[PDB]
Each structure stands twice: as structure tokens, then as C-alpha cells.
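S.K.: Counting with full-length UniProt numbering, you get residues 170 to 620, 630 to 903 for the letters of the sequence shown. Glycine included, each C-beta is placed from N, C-alpha and C at the ideal position. This is the structure I want to talk about, given as C-alpha cells.
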Amino acid sequence: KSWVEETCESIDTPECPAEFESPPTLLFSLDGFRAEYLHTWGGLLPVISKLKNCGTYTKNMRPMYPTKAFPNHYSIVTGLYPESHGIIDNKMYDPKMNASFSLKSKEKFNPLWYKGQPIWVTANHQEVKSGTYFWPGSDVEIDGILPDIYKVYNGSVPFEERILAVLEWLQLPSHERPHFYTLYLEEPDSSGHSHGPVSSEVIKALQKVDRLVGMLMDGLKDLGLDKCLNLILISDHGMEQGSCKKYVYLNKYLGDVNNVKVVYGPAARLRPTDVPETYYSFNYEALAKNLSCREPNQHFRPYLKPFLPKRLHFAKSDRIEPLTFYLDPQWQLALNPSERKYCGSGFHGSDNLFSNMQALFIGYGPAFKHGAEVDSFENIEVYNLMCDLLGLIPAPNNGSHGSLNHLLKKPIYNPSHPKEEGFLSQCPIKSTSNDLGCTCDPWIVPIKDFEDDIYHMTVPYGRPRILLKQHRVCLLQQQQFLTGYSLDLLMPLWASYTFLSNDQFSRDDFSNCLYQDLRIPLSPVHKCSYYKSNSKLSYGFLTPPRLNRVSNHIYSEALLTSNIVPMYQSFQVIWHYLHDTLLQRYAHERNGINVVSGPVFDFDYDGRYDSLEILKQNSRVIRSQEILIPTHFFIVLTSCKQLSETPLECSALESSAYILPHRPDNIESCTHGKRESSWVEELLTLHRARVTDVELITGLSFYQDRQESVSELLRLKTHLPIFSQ
Ligand SMILES: Nc1nc2c(ncn2[C@@H]2O[C@@H]3COP(=O)(O)O[C@H]4[C@@H](O)[C@H](n5cnc6c(N)ncnc65)O[C@@H]4COP(=O)(O)O[C@H]3[C@H]2O)c(=O)[nH]1
Ligand SMILES: *[C@@H]1O[C@H](CO)[C@@H](O[C@@H]2O[C@H](CO)[C@@H](O[C@H]3O[C@H](CO)[C@@H](O)[C@H](O)[C@@H]3O)[C@H](O)[C@H]2NC(C)=O)[C@H](O)[C@H]1NC(C)=O
Ligand SMILES: *[C@@H]1O[C@H](CO)[C@@H](O)[C@H](O)[C@H]1NC(C)=O
Ligand SMILES: *[C@@H]1O[C@H](CO)[C@@H](O)[C@H](O)[C@H]1NC(C)=O
Ligand SMILES: *[C@@H]1O[C@H](CO)[C@@H](O)[C@H](O)[C@H]1NC(C)=O
Ligand SMILES: [Ca+2]
Ligand SMILES: [Cl-]
Ligand SMILES: [Cl-]
Ligand SMILES: [Cl-]
Ligand SMILES: [Cl-]
Ligand SMILES: [Cl-]
Ligand SMILES: [Cl-]
Ligand SMILES: [Zn+2]
Ligand SMILES: [Zn+2]
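Structure below.
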């Protein structure tokens, strides 16, 4: 009898032959196996269906951007974003190397491309052997290390021979046998490209790899290993149907230029042809602006790379061109029709939250649960998991160690909340009152005399913790919100408040009206007079003064100088619509929301909060005062899973996070032709982010006082919703 015909039985303990002290881990990639293939054609794939039903499965493993083979395979084995591990696409130009990378060039074997630490190198350093039958990077000497057994990539090797070789490796004596293995097949990616994802050729390709996995499982059973091996069946990305009618050609807007090179496809990038001499002097911004808002409902958008949504984490590599393009589902871009492959084939590379880009993940073996279906997770999380399976300490990476513990029968690593590394103080009322130059309207109720339940109301999940190392913060308590105030930057790092479903906003105006918070040092850029007619810059509020839960008028404590941030007039359009219109609707839909908002400073576009050194280099002198202008603003919205519960009494949390670019115009949204502001909601959706994304870029940590385990909270904070096509 074959493995697939046996009944599914629980493997609570590894059932291993005498020559095996612990089960190995095998990482098995089916290139271009989009998650939906199993959703729809599972009945035709008996082998992979048994792995899913007898193992641990997610409907969608989220890939990394761009959704191509080399970035994503190397992300899986490093736990790193492509921008950090250096393999940002299958084809790259490095201006400092003055060298081009591609899959059919000898540069593919040059170790200088491959950063980070792949799991076989991690294993080597910790006395664990590896055998790789193809995997990007595995035929390259990385950190002076090669897998104990490896194969130089050769796509012509029959799939059966690859599986048989691994099965022979598993028969090696213990002192030479690897503990970690890889297998890689080019299908169903090959048929998806040549014939499209919805084709009889892809179905044949899916049946072929299903029989090949069965061949693997049958071999393990013959060796007595089918209950002594942790299998991770995975893919690098999904597949989409391209069209010649959904292809953007830049020469429509630029003319038939030849001084630029465009990496064609859905995640296209642009650089001058005269490199490296002009790689940094080229006027990318002028080119980006010439390509912006040219068509109604334009299906491509130019982005200078720091302006891409942070959730993509696609900017901190010199191999990522300063100009990139973001493409709608099914759409691709090239310089002209001669600079691209066939426009009607299957393709991938698009936004890693598009449903058809989602990837496969099944875990099967002693370590994995039986019949468990788990929420989506990113493939950068798998490196830590394989480390736990192999008894390895992981190298530093972007996965959140412990966030996949719910996949395992018995979690290996027990995660902790990060320590608060800030310096916390109390801010005393010890500021001499000064004229702010404000002209408050008569209906603004002043703060004439400045001199537990409220705390829980404003931070019902616990206050955000300051991860910023040695940063000086004091907590400012108000009746309706809590502020984490930076004494080093003289502006608030976050404000937290709860917006109940029946709470009303005030209609009154409050222009050019502030009250000096006598608990903080007075700065010239705290005053109304500084921003008066300041064409360069205005100010905005973290907590909305119109929200007043007790009284009918403007909430005067929200007018404190500790509650304002520098803010462009252009961004005020977004911020005002968010708070005057969207938040009220979200609170109706969610039965209230808790809100935390604040500034972000990521001037070096690495997705992490900036050092003091970096902030000093990016300060601006405006109206004879040094001022630090945020690069983004964050907002985190939290409510209950059960709609009968208000945010102060959640049995379980629902979280939405956003990292909004703080730009001095709204060219990103193409608003010249618009007479209503719903485009603000589209901008929010595009720039949604994991809670963990916000934590990394602000040095803050949320929800630490909740009773859920740390791993459960990591699951909440790493989640990101998929755009359903
Ligand atoms: N729109 C479109 N794009 C295509 C088509 N055919 C290929 N592409 C693209 O060219 C790349 C080369 O595919 P290949 O068939 O020549 O080699 C395959 C495979 O042989 C190769 N490869 C896989 N592992 C490798 C490895 N370890 N080393 C070197 N090359 C490797 O990667 C390629 C698939 O990864 P990919 O889809 O992200 O990139 C494709 C893909 O993005 C096509 O028909 N239509
Ligand atoms: C994703 O995880 C990466 C690995 O932890 C992380 O990259 C690391 O970033 C730090 C901080 O920039 C670098 O640390 C050192 O950088 C230079 C040395 O080159 C020093 O001047 C610094 O003081 C510091 O010691 C690491 O070199 C870097 N590691 C790698 C492999 O890139 C990324 O930041 C993470 N990405 C996100 C968005 O969180
Ligand atoms: C960059 O490398 C290419 C090799 O493809 C070479 O032709 C060119 O002269 C080099 N330019 C500089 C400035 O080094
Ligand atoms: C690739 O493998 C095939 C066998 O499947 C072999 O004929 C061919 O010579 C190999 N290529 C190289 C460069 O070794
Ligand atoms: C278009 O590009 C030119 C350079 O060729 C630049 O001077 C101009 O400012 C750009 N147009 C816009 C609207 O930015
Ligand atoms: Ca930064
Ligand atoms: Cl790099
Ligand atoms: Cl390139
Ligand atoms: Cl278009
Ligand atoms: Cl492609
Ligand atoms: Cl195990
Ligand atoms: Cl709780
Ligand atoms: Zn692929
Ligand atoms: Zn492909």
C-alpha cells in the first residue's frame, strides 16, 4: 500500500529507525504553485490533499515583494526581506559593484550578491549537516560555506532523479547524513508562464508534481521514515494571467527614448543606461512626475523607492533603483513593446498581498499539528520555524520568533515581550506661561487653571512601551487621552484614546488655537506664531479635539501644545478626512475603536526608527527654527472580535495598522481631477501595515498588558489582510 492510501494517524512522537536520533527537516519547493491551485483543484491532487488534511496548512502563505523566485526562495531560507538579503530580483544591477545579476550569468555564483545567513550556513556553524538538491544560493559559497551535499542548478535534471538522490542521501551513515534537505521543482511555474494559470497544461503540471510528492512519501515509507521527517511543502509565489491589453509602455508618455533601462513586468524598476556614472545624478523625480496622473484610473504608479508602502519593505538596497512602479492586478509595465517578453503569458511579481500571488505552505510530520488550518503568515517566518525544527539558534532576521508556535505540537521557543529601553519620567507643571501668538475663537472653552479608570479607558491593552534606546519620555495624562511625550524631540511620540460607538464630535471651529502645556519644555515651534501663514508647514493634532465624550464643545485638552506635530497642509486633507469622517464610520462598524497615532521618522528608509544622528542630519531650518518633519504618520485601530463588546472589554482583539506617507502634495493620489475625498480611503488601504511594521519603524510595542500569550499577540501583530481579487 502507498502512503497516500493509508489512513491519517497522529504522529505525537517521532517514530524513527535506530540510525536516527531526531527527524530531519525537508524543505520542498513547487515553484509558482499559487495557493488558489489547491483551493480549486485539490480533488485532483490526492497526495498534497492528504498532507494538508493530515498536517498543518494555511490557505495563504504571503510571499515577499517582488513576488519572484530568487527573492522569495532566499527569503524563505534567511528570514530576511529581499532588501536586506540582497537578492531583490532575478535580475539586478549593483551600481557599486558595477555588475549585473541574472539567472543565466556567471554572476549568479558570485558570493557578493548573497547577504544574510541561509539556514544551511546557520546549520553548518552549529554542527548540523545539509543536503540541497537545488535552492537559490545553495550552489554559491556563502560565508565560505557550502552545503555538505549540493548540486549546481541544472533545470534539465529530471524531477524523479532529484527525489531519488535525496532518498539516497537519507540512507547515508549517521556521521555523513544531512539533517536538513531541500528539493526544488520548476513546475507548476513553467506551465503557468507558457499557458496561463487557468489551463489544462497547468493541471497536468499539478498532477505531475502531486505524483512526485507521492514518490517522495512512498520512498520515506519504504525507508521507515514517513513518521520521522518534518516536511515543509512550500512555494515561492503565485501566478497571474497577463494580457497584451494590460501592458503599460512608457514610450507612450516619454517618446522612444533609449537613455533609460526598465526592468519589465509588474514590479518594474527604472535606471539610466549610462551607469554607474549617472546612476545617482539622474533626475528620477522629474521622470516620476512626468509619469504621474497621465491617465484616468491609471493602472500604474511611479514611486521613488522610499515612498512605496512600508509594508513592502522594498527600498534599503543599492540594487533597488531609485524609481520603481506599482501596478494594478493583472497589469505589467515596460519601456516599450520591444523591451519585454510575451505580453499574453502567465506572470508574477506583483504586490505580495494580491490574492493570486499567495503561495503554498503545508507542514507535515512529528512536529506539526494534524488537521490544523492557520491564518495567513509571511514566508520570512519560516526560517525561525526551521531553526526550531533543527535545534538551531537563528541568525538575526525579520521573522518574529514564536509567531508560528500555533503550528507546532510542542513549541520550542517561548517568546517574550521586548523590554522598555526608554528613560521614563514624570513631567511636572514647571513651565512659565508664554504668549503662543494664538487667536482662539470665543467659543473655545479655555483651560483657566492648569493646576486608574481614566488610564484604563485610554490604554485598555496597556500603554505602548518605549523601545527607543535611552530615549527620554514622559507620560502626559488627560481626561480623554494619554500621551507619550518625547523630551528629546519636544513632540509627542504617540497619543492613545478610545472612540466609543455613540460618541459625538463637535462642530465648532478651532483654527489657530493652542494652549501651552505647562508640563513640557516650551519650544518656538510649539507656538501658533511659528505656523501662522507658514507656507512651508502647518501643525496637526494626534488626538482629535472635536471628540468630546462628556461635553458638547471642543475638547480643550486636545489643544495642548503636547498634542501637536508638524504637518503639511497637503497631508491635513488626509488627516482631517480620516478623523472627521472615517473614524466615526469605523467606530460604528466595529462597535467602537481604540486609537493610537503618532509621528514616524524613517529618513534612511530602512523601516526602522532613526538614530539621533540621523534625525540631526534631516532637521530643516524653517522660519529661523530647526524643525524635524515626520516622514510618515502611523495609526493603529483596535476593537473586539465580538461586536457585542466595546474596545474596553474585548475577549479578543481585532487590529488595523497604517503607516501613512507624509508628503507635501497629494500627487500620489492624483487629486487635481476630483471633487470628493474618497481617494483618502484608497490611500489608507494601500498603506496598511502589520502592527509589527509600526513597532519596527517607531520603536514602540503595543498590547503588552493583554493576557494572551506572547505568541498569540505576535500572530495578531504580524497579520496583514489580503486584497481579494
Ligand atoms: N511574463 C512572463 N515571464 C517569464 C516567462 N518565462 C520566464 N519568465 C521569467 O524569466 C525568469 C526565468 O525563468 P526560466 O524558466 O528561464 O528559469 C526558471 C528556473 O530554471 C530558474 N531557476 C530556478 N532555480 C534556479 C537556480 N537555483 N539557479 C538558477 N536558476 C534557477 O528560475 C526561473 C523561474 O523563476 P521566475 O519565474 O521567478 O523567473 C522567470 C520569469 O520571471 C513567460 O513566459 N512570461
Ligand atoms: C530585518 O532584519 C535584519 C537583520 O536583523 C535587519 O538588518 C540589520 O540592521 C542593523 C541595523 O541597521 C544592522 O546593524 C549594524 O549596522 C551597521 C553595521 O553595518 C552598524 O553601524 C550598526 O550600528 C549596527 O551594528 C545589521 O547589519 C543588519 N543586518 C542585516 C543582515 O542586514 C533589518 O533592519 C530588518 N528590517 C526591518 C525592516 O526590521
Ligand atoms: C562597468 O562595467 C561594464 C562591464 O559590463 C564595463 O563595460 C564598464 O566600462 C564599467 N564602467 C565603469 C565606469 O567601471
Ligand atoms: C544537466 O543535466 C542533464 C541530465 O539531466 C545533462 O545531460 C547535462 O549535461 C547537465 N548539464 C550540465 C552543464 O552538467
Ligand atoms: C518632466 O521632465 C522634465 C525633464 O525632462 C522636467 O524638467 C519637468 O519638470 C517634468 N515635468 C513635471 C510635471 O514634473
Ligand atoms: Ca530608519
Ligand atoms: Cl544590497
Ligand atoms: Cl537588471
Ligand atoms: Cl494606465
Ligand atoms: Cl513573470
Ligand atoms: Cl519533531
Ligand atoms: Cl486582557
Ligand atoms: Zn517561481
Ligand atoms: Zn515564474
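At the level of alpha carbons, what is the spacing between residue 854 and residue 461?
M.R.: Against the sequence shown, residue 854 aligns to sequence position 676. Against the sequence shown, residue 461 aligns to sequence position 292. Approximately 20 Å between the Cα atoms of the pair.
S.K.: Alpha carbon to alpha carbon, how far is residue 865 from residue 339?
M.R.: Numbered from 1 along the sequence shown, position 687 holds the residue referred to as residue 865. Numbered from 1 along the sequence shown, position 170 holds the residue referred to as residue 339. Each residue's Cα considered, the two are about 46 Å apart.
S.K.: With residue 208 as the anchor, note down where its beta strand (DSSP E) starts and where it stops.
M.R.: The sequence position of residue 208 within the sequence shown is 39, counting from 1. No beta strand (DSSP E) holds residue 208; the alpha helix (DSSP H) holding it covers 204-210.
S.K.: Given a threshold of 16 other Cβ atoms within 10 Å of its Cβ, counted over all protein chains shown, does residue 428 qualify as buried or as exposed?
M.R.: By one-based count along the sequence shown, residue 428 stands at place 259. Residue 428 is exposed by the Cβ-count criterion.
S.K.: What distance in whole Å lies between the Cβ atoms of residue 530 and residue 230, which are believed to be in contact at a cut-off of 8 Å?
M.R.: As a first step, residue 230 must be located in the sequence shown, where it is residue number 61. As a first step, residue 530 must be located in the sequence shown, where it is residue number 361. The pair is a contact, with the Cβ atoms about 4 Å apart (cut-off 8 Å).
S.K.: Please return the same chain residues whose Cβ sits closer than 7 Å to the Cβ of residue 586, not counting the five positions on each side in sequence.
M.R.: In the sequence shown, the residue the question calls residue 586 occupies position 417. Closer than 7 Å at Cβ, skipping near neighbours: 879, 882 and 888.
S.K.: Could you tell me which uninterrupted beta strand (DSSP E) segments, each at least 3 residues in length, are contained entirely in the stretch 775-839, listed from first to last along the chain?
M.R.: Runs found: 798-800, 803-805, 810-818 and 831-839.
S.K.: Along the chain, which unbroken stretches of the alpha helix (DSSP H) at least 4 residues long are found entirely within the stretch 203-290?
M.R.: Qualifying alpha helix (DSSP H) stretches, in chain order: 204-210, 215-222, 238-247 and 251-254.
S.K.: In the DSSP output, what is residue 177 paired with across the bridge?
M.R.: Position 8 of the sequence shown holds residue 177. Within the DSSP secondary-structure output, residue 177 pairs in no beta bridge.
S.K.: Ignore the nearest five residues each way along the sequence and tell me which others in residue 629's own chain have a CB closer than 8 Å to its CB.
M.R.: Between 620 and 630, the chain has no modelled residues, which means residue 629 does not appear in the coordinates.
S.K.: Among 807, 337 and 300, which residue has its Cα nearest to the Cα of residue 320?
M.R.: Counted from its first residue, the sequence shown places residue 320 at position 151. Selected option, being the one with the closest Cα: 300.
S.K.: Between residue 469 and ligand 9, is the CB less than 7 Å from at least one heavy atom?
M.R.: As a position in the sequence shown, residue 469 is number 300, starting the count at 1. Because some heavy atom of ligand 9 lies under 7 Å away, the Cβ of residue 469 counts as near it: yes.
S.K.: Helix or strand or just coil, what does DSSP make of residue 417?
M.R.: Here residue 417 refers to the residue found at position 248 when the sequence shown is read from its first residue. In the structure shown, residue 417 sits in a strand (DSSP, three-state: E or B).
S.K.: Residues in the same chain with beta-carbon distance under 8 Å from residue 213, minus the five sequence neighbours each way, listed in chain order, please.
M.R.: What you label residue 213 is simply residue 44 of the sequence shown in a count that begins at 1. If we look at residue 213 and ignore the five residues flanking it on each side, its Cβ neighbours are 372, 375, 376 and 379.
S.K.: Tell me which residues share the same chain as residue 180 and place their Cβ nearer than 6 Å to its Cβ, disregarding the 5 neighbours each side in the sequence.
M.R.: The residue you call residue 180 lines up with position 11 of the sequence shown. Excluding sequence positions up to five before and after residue 180, its CB lies within less than 6 Å of the CB of 396 and 535, all in the same chain and listed in chain order.
S.K.: Below 8 Å on the Cβ atoms is my contact criterion, and I expect residue 742 with residue 838 to pass it. Report the Cβ-Cβ distance as a whole number of Å.
M.R.: Numbered from 1 along the sequence shown, position 564 holds the residue referred to as residue 742. Numbered from 1 along the sequence shown, position 660 holds the residue referred to as residue 838. At roughly 17 Å, the Cβ-Cβ gap does not stay under 8 Å, so residue 742 and residue 838 are not in contact.
S.K.: Quick one: is residue 851 buried, meaning 16 or more other Cβ sit within 10 Å of its Cβ, or exposed?
M.R.: As a working mapping, residue 851 is identified with position 673 in the sequence shown. Answer is exposed; the Cβ neighbour count stays below 16.
S.K.: Which whole-angstrom value is the C-beta distance of residue 480 and residue 898, which I expect to be below 8 Å?
M.R.: Looking up residue 480 in the sequence shown gives position 311. Looking up residue 898 in the sequence shown gives position 720. Confirmed, Cβ separation roughly 6 Å.
S.K.: Taking contact to mean at least 3 C-beta pairs separated by less than 8 Å, is the stretch 602-611 in contact with the stretch 552-566?
M.R.: no
S.K.: Below 7 Å, is the gap between the Cβ of residue 860 and the nearest heavy atom of ligand 9?
M.R.: Residue numbering aside, residue 860 sits at position 682 when the sequence shown is read from its first letter. No; taking the cut-off as 7 Å, the Cβ of residue 860 has no heavy atom of ligand 9 nearer than that.
S.K.: If you follow the beta strand (DSSP E) that residue 440 is part of, which residue opens it and which one closes it?
M.R.: Here residue 440 refers to the residue found at position 271 when the sequence shown is read from its first residue. Where residue 440 is concerned, the enclosing beta strand (DSSP E) stretches over 438-441.
S.K.: Can you determine whether any heavy atom of ligand 9 sits closer than 7 Å to the C-beta of residue 846, and answer yes or no?
M.R.: What you label residue 846 is simply residue 668 of the sequence shown in a count that begins at 1. Residue 846 Cβ: outside cutoff for every heavy atom of ligand 9.
S.K.: Taking 7 Å as the cut-off, does the CB of residue 517 come closer than this to any heavy atom belonging to ligand 14?
M.R.: Along the sequence shown, read from residue 1 onward, the residue named residue 517 stands at position 348. The answer is yes for residue 517.
S.K.: Measuring straight from C-alpha to C-alpha, what distance separates residue 862 and residue 282?
M.R.: In the sequence shown, the residue the question calls residue 862 occupies position 684. In the sequence shown, the residue the question calls residue 282 occupies position 113. Taking the straight line from one Cα to the other gives about 35 Å.
S.K.: Is the beta carbon of residue 418 less than 8 Å from the beta carbon of residue 503?
M.R.: Taking the sequence shown and counting its residues from 1, one reaches residue 418 at position 249. Taking the sequence shown and counting its residues from 1, one reaches residue 503 at position 334. In this structure, residue 503 lies closer than 8 Å to residue 418 by Cβ.
S.K.: Nearest to residue 615 by CA position, among 900, 287, 189 and 695, is which residue?
M.R.: Counting from 1 along the sequence shown, the entry for residue 615 is found at position 446. Taking only the C-alpha atoms, the option nearest residue 615 is 695.
S.K.: Closest to residue 714 by CA distance: which of 697, 700, 749 and 726 is it?
M.R.: The count along the sequence shown starts at 1 and reaches residue 714 at position 536. Selected option, being the one with the closest Cα: 749.
S.K.: Which word fits residue 689, buried or exposed, when buried means at least 16 other C-beta atoms lie within 10 angstroms of its C-beta?
M.R.: In the sequence shown, counting from the first residue as 1, residue 689 sits at position 511. That one is exposed.
S.K.: For residue 234, which residues from the same chain have a beta carbon less than 6 Å from its beta carbon, with the 5 sequence-adjacent residues on both sides left out?
M.R.: Position 65 of the sequence shown holds residue 234. Contacts found: 481, 483 and 521.
S.K.: Please confirm whether any heavy atom of ligand 4 lies closer than 7 Å to the CB of residue 327.
M.R.: Taking the first residue of the sequence shown as 1, we reach residue 327 at position 158. For ligand 4, at least one heavy atom lies less than 7 Å from the Cβ of residue 327.
S.K.: Is any heavy atom in ligand 1 found nearer than 7 Å to the beta carbon of residue 626?
M.R.: This structure gives no coordinates for residue 626. The numbering of the chain moves from 620 immediately to 630.
S.K.: Compare the beta carbon distance of residue 399 and residue 580 with 8 Å and say whether it is the shorter of the two.
M.R.: Sequence index remark: in the sequence shown, residue 399 carries index 230 (1-based). Sequence index remark: in the sequence shown, residue 580 carries index 411 (1-based). Going by C-beta atoms, residue 399 is not nearer than 8 Å to residue 580.
S.K.: Less than 7 Å between the CB of residue 885 and some heavy atom of ligand 12, yes or no?
M.R.: Mapped onto the sequence shown, residue 885 falls at position 707. Yes.
S.K.: Whole beta strand (DSSP E) runs in the stretch 731-771 with 3 or more residues, listed along the chain?
M.R.: 742-745
S.K.: Does DSSP put residue 633 in a helix, in a strand, or in coil?
M.R.: On the sequence shown, position 455 is the one that residue 633 refers to. Residue state, collapsed to three classes: helix.
S.K.: Using 10 angstroms around the beta-carbon of residue 705, count the other beta-carbons present and answer buried if the total reaches 16, otherwise exposed.
M.R.: Taking the sequence shown and counting its residues from 1, one reaches residue 705 at position 527. With a threshold of 16 other beta carbon atoms within 10 Å, residue 705 meets it and is buried.
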